[PDB]
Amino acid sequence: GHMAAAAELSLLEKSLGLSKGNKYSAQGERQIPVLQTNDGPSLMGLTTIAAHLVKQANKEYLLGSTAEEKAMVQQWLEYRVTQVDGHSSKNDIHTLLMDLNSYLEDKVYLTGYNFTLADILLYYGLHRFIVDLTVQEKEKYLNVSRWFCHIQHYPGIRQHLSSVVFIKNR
């Protein structure tokens, strides 16, 4: 299964360069993360908390800088929690990879030329699948490999996660 949300949020804090603290509790059968913010409301949900952390880090630009970019970040965060963490990756990961591969053919990052929170979370969420891909599968999903490679080399993102080997065949 996927990274527990408290583990993923701890990893995200380190990637963002947060110092810090923040304790998370968990609620319900699915162990949904809950943050009690100092002198603020409680926040619930992985991507809700993630967007909050980006703001804590004074890195609001990671949420997008235009209406279009902001909506696209949120679209890809939803894809992360509903498709990658949901049934579709469990039942048919290859259709998900085929679609991402087609999508990323002409894009550096998920929203285009700007790196965002969506790249970070899709990277974290896909790591368990990509780390297990064969040589040939990484060549088949060339555009996913290239994007994943960019993210694993992006400053501060990888943290403790295993580096994946990519070999260009060009």
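Sequential numbering from 1, following the sequence displayed.
Looking at 110-118 and 31-39 together, the entry lists the larger mean B-factor for 31-39, computed on C-alpha atoms. For the pair 4-12 and 161-169, the mean B factor over Cα atoms is greater in 161-169. Sort the modelled residues of the chain by CA B factor and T48 lands in the lowest third. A26: CA B factor in the highest third of modelled residues in this chain (values from the PDB entry).
In this PDB entry, the Cα temperature factor of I93 sits in the top third of its chain's modelled residues, the highest group. Among all modelled residues in its chain, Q56 ranks in the highest third by Cα B-factor.
When the modelled residues of the chain are ordered by C-alpha B-factor, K20 sits in the highest third.
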